[PDB]
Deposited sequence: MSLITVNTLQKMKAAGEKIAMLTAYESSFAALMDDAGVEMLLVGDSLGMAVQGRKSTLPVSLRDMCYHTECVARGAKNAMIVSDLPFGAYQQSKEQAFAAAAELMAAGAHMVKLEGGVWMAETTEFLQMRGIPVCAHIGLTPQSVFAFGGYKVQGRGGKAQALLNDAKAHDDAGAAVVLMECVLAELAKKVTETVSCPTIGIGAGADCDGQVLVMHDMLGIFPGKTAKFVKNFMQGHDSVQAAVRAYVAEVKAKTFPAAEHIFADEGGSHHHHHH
(Lines of atoms letter the chains of each structure in order from A and count residues from 1; the text may use other names and numbers.)
(Lines give C-alpha, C1' and ligand atoms only; values in the text may rest on other atoms or scores of the structure.)
Protein backbone atom coordinates (compact mmCIF):
# COMPACT_ATOMS: atom_id res chain seq x y z
CA UNK A 1 0.00 0.00 0.00
CA UNK A 2 2.44 2.63 1.25
CA UNK A 3 4.50 4.13 -1.57
CA UNK A 4 8.25 3.71 -1.07
CA UNK A 5 11.37 4.32 -3.18
CA UNK A 6 11.29 0.66 -4.29
CA UNK A 7 7.71 1.20 -5.49
CA UNK A 8 8.90 4.12 -7.65
CA UNK A 9 11.77 2.02 -8.99
CA UNK A 10 9.32 -0.74 -9.94
CA UNK A 11 7.04 1.78 -11.63
CA UNK A 12 9.92 3.18 -13.68
CA UNK A 13 10.92 -0.33 -14.80
CA UNK A 14 7.29 -1.17 -15.61
CA UNK A 15 6.95 2.17 -17.42
CA UNK A 16 4.00 3.07 -15.17
CA UNK A 17 3.90 6.86 -14.86
CA UNK A 18 4.12 8.34 -11.36
CA UNK A 19 1.60 10.95 -10.17
CA UNK A 20 2.89 13.81 -8.03
CA UNK A 21 0.96 16.89 -6.87
CA UNK A 22 1.91 19.63 -4.40
CA UNK A 23 0.08 19.60 -1.07
CA UNK A 24 0.20 22.13 1.80
CA UNK A 25 -2.71 21.13 4.09
CA UNK A 26 -4.10 17.97 5.70
CA UNK A 27 -7.55 18.05 4.09
CA UNK A 28 -6.26 18.32 0.52
CA UNK A 29 -3.43 15.84 1.25
CA UNK A 30 -5.94 13.16 2.35
CA UNK A 31 -8.13 13.94 -0.69
CA UNK A 32 -5.24 13.56 -3.13
CA UNK A 33 -3.97 10.40 -1.42
CA UNK A 34 -7.44 8.85 -1.71
CA UNK A 35 -7.63 10.01 -5.35
CA UNK A 36 -4.55 7.99 -6.28
CA UNK A 37 -1.82 10.65 -6.08
CA UNK A 38 1.38 8.76 -5.27
CA UNK A 39 3.81 11.54 -4.30
CA UNK A 40 2.74 14.55 -2.21
CA UNK A 41 5.13 17.45 -2.74
CA UNK A 42 5.17 19.94 0.14
CA UNK A 43 6.87 22.49 -2.12
CA UNK A 44 8.34 25.89 -1.36
CA UNK A 45 5.89 27.01 -4.09
CA UNK A 46 3.62 27.46 -1.03
CA UNK A 47 5.44 30.84 -0.63
CA UNK A 48 3.38 32.04 -3.60
CA UNK A 49 0.25 29.88 -3.51
CA UNK A 50 -0.26 29.93 0.28
CA UNK A 51 1.73 32.93 1.55
CA UNK A 52 0.98 35.01 -1.54
CA UNK A 53 4.54 36.28 -1.96
CA UNK A 54 6.20 37.14 -5.29
CA UNK A 55 8.81 34.37 -5.01
CA UNK A 56 9.77 31.33 -2.94
CA UNK A 57 12.92 32.90 -1.45
CA UNK A 58 11.33 34.17 1.80
CA UNK A 59 9.89 30.73 2.78
CA UNK A 60 11.64 29.51 5.96
CA UNK A 61 12.60 26.08 7.28
CA UNK A 62 9.94 26.64 9.95
CA UNK A 63 7.27 27.15 7.25
CA UNK A 64 8.35 23.97 5.43
CA UNK A 65 8.26 21.96 8.66
CA UNK A 66 4.83 23.33 9.59
CA UNK A 67 3.31 22.41 6.23
CA UNK A 68 5.07 19.03 6.28
CA UNK A 69 3.40 18.27 9.65
CA UNK A 70 0.00 19.36 8.34
CA UNK A 71 0.26 17.14 5.23
CA UNK A 72 1.61 14.26 7.34
CA UNK A 73 -1.62 14.26 9.40
CA UNK A 74 -3.68 13.80 6.23
CA UNK A 75 -1.56 11.42 4.10
CA UNK A 76 -1.93 7.64 4.32
CA UNK A 77 -0.21 5.70 1.53
CA UNK A 78 1.33 8.53 -0.46
CA UNK A 79 4.96 9.45 -0.07
CA UNK A 80 5.60 12.89 1.40
CA UNK A 81 8.35 14.87 -0.33
CA UNK A 82 9.40 18.16 1.32
CA UNK A 83 11.39 21.00 -0.23
CA UNK A 84 14.55 22.33 1.47
CA UNK A 85 13.81 26.11 1.44
CA UNK A 86 16.06 28.82 0.04
CA UNK A 87 19.03 29.58 2.31
CA UNK A 88 18.44 26.52 4.51
CA UNK A 89 20.71 24.04 2.74
CA UNK A 90 23.10 25.60 0.21
CA UNK A 91 25.64 26.73 2.81
CA UNK A 92 27.16 23.24 3.12
CA UNK A 93 26.26 19.54 3.08
CA UNK A 94 26.25 19.60 6.88
CA UNK A 95 23.71 22.47 6.93
CA UNK A 96 21.62 20.66 4.31
CA UNK A 97 21.63 17.50 6.45
CA UNK A 98 20.45 19.40 9.55
CA UNK A 99 17.62 21.06 7.60
CA UNK A 100 16.67 17.80 5.86
CA UNK A 101 16.59 15.96 9.21
CA UNK A 102 14.12 18.54 10.55
CA UNK A 103 11.81 17.96 7.57
CA UNK A 104 12.09 14.16 8.07
CA UNK A 105 11.25 14.61 11.77
CA UNK A 106 8.21 16.68 10.66
CA UNK A 107 6.91 13.75 8.58
CA UNK A 108 8.69 13.85 5.23
CA UNK A 109 9.80 10.61 3.54
CA UNK A 110 12.20 12.37 1.14
CA UNK A 111 13.49 15.92 0.62
CA UNK A 112 13.88 17.93 -2.58
CA UNK A 113 16.90 20.17 -3.21
CA UNK A 114 17.74 22.46 -6.16
CA UNK A 115 21.07 22.65 -7.94
CA UNK A 116 23.29 20.97 -10.48
CA UNK A 117 26.66 19.25 -10.15
CA UNK A 118 27.67 21.56 -7.28
CA UNK A 119 24.91 19.97 -5.15
CA UNK A 120 25.82 16.35 -5.98
CA UNK A 121 28.03 16.09 -2.88
CA UNK A 122 25.06 17.19 -0.74
CA UNK A 123 22.79 14.58 -2.28
CA UNK A 124 25.30 11.84 -1.48
CA UNK A 125 25.89 13.09 2.05
CA UNK A 126 22.14 12.97 2.78
CA UNK A 127 21.24 9.71 1.00
CA UNK A 128 24.11 7.88 2.73
CA UNK A 129 22.66 8.96 6.08
CA UNK A 130 19.19 7.58 5.38
CA UNK A 131 17.57 10.62 3.79
CA UNK A 132 16.08 10.01 0.34
CA UNK A 133 16.82 12.93 -1.96
CA UNK A 134 14.89 14.32 -4.90
CA UNK A 135 17.30 16.38 -7.03
CA UNK A 136 15.60 19.31 -8.77
CA UNK A 137 17.44 20.33 -11.96
CA UNK A 138 16.78 22.55 -14.99
CA UNK A 139 14.68 25.59 -14.05
CA UNK A 140 15.35 26.03 -10.30
CA UNK A 141 12.98 28.74 -9.02
CA UNK A 142 15.05 29.64 -5.93
CA UNK A 143 17.57 31.16 -8.35
CA UNK A 144 14.87 33.11 -10.20
CA UNK A 145 16.67 36.44 -9.65
CA UNK A 146 19.87 34.89 -10.99
CA UNK A 147 21.95 20.49 -22.70
CA UNK A 148 25.25 18.84 -21.90
CA UNK A 149 25.28 20.65 -18.56
CA UNK A 150 21.78 19.41 -17.68
CA UNK A 151 22.77 15.85 -18.58
CA UNK A 152 25.85 16.24 -16.38
CA UNK A 153 23.72 17.51 -13.47
CA UNK A 154 21.38 14.53 -13.90
CA UNK A 155 24.25 12.03 -13.95
CA UNK A 156 26.06 13.67 -11.00
CA UNK A 157 22.98 13.27 -8.78
CA UNK A 158 22.31 9.74 -10.04
CA UNK A 159 25.90 8.79 -9.27
CA UNK A 160 25.57 10.34 -5.78
CA UNK A 161 22.50 8.19 -5.13
CA UNK A 162 19.61 10.58 -5.65
CA UNK A 163 16.40 8.56 -5.30
CA UNK A 164 14.56 10.79 -7.80
CA UNK A 165 15.58 13.38 -10.42
CA UNK A 166 13.03 16.15 -11.05
CA UNK A 167 13.18 18.38 -14.13
CA UNK A 168 11.30 21.66 -14.66
CA UNK A 169 10.84 23.37 -18.03
CA UNK A 170 13.21 21.22 -20.06
CA UNK A 171 13.22 20.32 -23.76
CA UNK A 172 11.08 17.17 -23.88
CA UNK A 173 13.67 15.45 -26.08
CA UNK A 174 16.35 16.16 -23.48
CA UNK A 175 14.16 14.97 -20.58
CA UNK A 176 13.69 11.73 -22.52
CA UNK A 177 17.44 11.22 -22.89
CA UNK A 178 17.92 12.05 -19.20
CA UNK A 179 15.25 9.59 -18.04
CA UNK A 180 16.89 6.81 -20.04
CA UNK A 181 20.39 7.66 -18.82
CA UNK A 182 19.72 7.76 -15.08
CA UNK A 183 19.01 4.71 -12.98
CA UNK A 184 16.59 6.54 -10.71
CA UNK A 185 13.05 7.51 -11.66
CA UNK A 186 12.46 11.01 -13.06
CA UNK A 187 9.59 13.46 -12.48
CA UNK A 188 8.74 16.31 -14.84
CA UNK A 189 6.91 19.62 -15.00
CA UNK A 190 7.16 21.34 -18.38
CA UNK A 191 9.55 18.54 -19.43
CA UNK A 192 7.35 16.26 -21.53
CA UNK A 193 5.78 12.85 -21.01
CA UNK A 194 9.00 10.87 -21.44
CA UNK A 195 9.71 11.32 -17.73
CA UNK A 196 8.81 8.50 -15.33
CA UNK A 197 6.15 10.75 -13.77
CA UNK A 198 4.55 14.18 -13.61
CA UNK A 199 4.07 16.95 -11.08
CA UNK A 200 1.91 20.08 -10.97
CA UNK A 201 1.09 22.72 -8.34
CA UNK A 202 -2.37 21.83 -6.99
CA UNK A 203 -3.66 25.41 -7.15
CA UNK A 204 -2.66 25.74 -10.81
CA UNK A 205 -4.34 22.49 -11.88
CA UNK A 206 -7.46 23.42 -9.90
CA UNK A 207 -7.64 26.81 -11.66
CA UNK A 208 -7.41 28.82 -8.43
CA UNK A 209 -5.66 31.70 -10.21
CA UNK A 210 -7.32 34.02 -12.72
CA UNK A 211 -6.17 34.40 -16.31
CA UNK A 212 -4.61 31.75 -18.53
CA UNK A 213 -2.55 28.96 -16.96
CA UNK A 214 1.11 28.23 -17.71
CA UNK A 215 1.68 26.53 -21.06
CA UNK A 216 2.73 23.28 -19.39
CA UNK A 217 -0.20 23.30 -16.95
CA UNK A 218 -3.68 21.85 -17.52
CA UNK A 219 -6.78 22.86 -15.57
CA UNK A 220 -8.32 19.63 -14.25
CA UNK A 221 -11.15 21.32 -12.33
CA UNK A 222 -12.98 22.20 -15.53
CA UNK A 223 -15.49 19.54 -16.55
CA UNK A 224 -15.83 18.27 -12.97
CA UNK A 225 -18.03 19.21 -10.00
CA UNK A 226 -15.69 17.98 -7.27
CA UNK A 227 -12.01 18.49 -6.40
CA UNK A 228 -11.59 14.72 -5.88
CA UNK A 229 -12.79 14.06 -9.44
CA UNK A 230 -10.48 16.77 -10.80
CA UNK A 231 -7.48 15.10 -9.14
CA UNK A 232 -8.58 11.60 -10.20
CA UNK A 233 -8.62 12.83 -13.80
CA UNK A 234 -5.10 14.20 -13.33
CA UNK A 235 -3.83 10.83 -12.11
CA UNK A 236 -5.57 9.06 -15.01
CA UNK A 237 -4.26 11.38 -17.75
CA UNK A 238 -0.77 11.10 -16.23
CA UNK A 239 -0.96 7.31 -16.36
CA UNK A 240 -2.70 7.28 -19.73
CA UNK A 241 0.24 9.35 -20.98
CA UNK A 242 -2.27 11.89 -22.25
CA UNK A 243 -0.74 14.53 -19.97
CA UNK A 244 1.29 16.37 -20.64
CA UNK A 245 -0.10 16.87 -24.14
CA UNK A 246 1.67 18.46 -27.11
CA UNK A 247 0.42 21.87 -26.04
CA UNK A 248 2.00 21.49 -22.60
CA UNK A 249 5.50 20.93 -24.04
Gaps in the model, given as deposited-sequence positions counted from residue 1 | 1, 148 to 159, 263 to 275
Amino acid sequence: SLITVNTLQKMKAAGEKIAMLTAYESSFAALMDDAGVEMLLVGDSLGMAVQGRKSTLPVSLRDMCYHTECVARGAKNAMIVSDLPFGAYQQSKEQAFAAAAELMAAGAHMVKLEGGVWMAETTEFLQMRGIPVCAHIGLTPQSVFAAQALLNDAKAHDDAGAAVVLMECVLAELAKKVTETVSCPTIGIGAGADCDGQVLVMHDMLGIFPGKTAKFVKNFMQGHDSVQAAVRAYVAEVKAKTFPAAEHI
From here on, numbers count along this sequence of modelled residues.
Given the B-factors recorded for C-alpha atoms, which segment has the greater mean, 110 to 118 or 147 to 155?
-> 147 to 155
Comparing 191 to 199 with 53 to 61, the one whose average Cα B-factor in the PDB entry is higher | 191 to 199
Reading the B-factor column for Cα atoms of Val81, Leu84, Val170, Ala72, the highest value belongs to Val170
Considering only modelled residues of the same chain, in which third does the CA B-factor of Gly211 rank: lowest, middle or highest?
-> highest
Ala13, C-alpha B-factor rank within chain (lowest, middle or highest third) | middle
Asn77: which third of its chain by C-alpha temperature factor?
-> highest
The third of the chain into which the C-alpha temperature factor of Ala175 falls is the highest
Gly223 - Cα temperature factor, lowest/middle/highest third of chain = highest
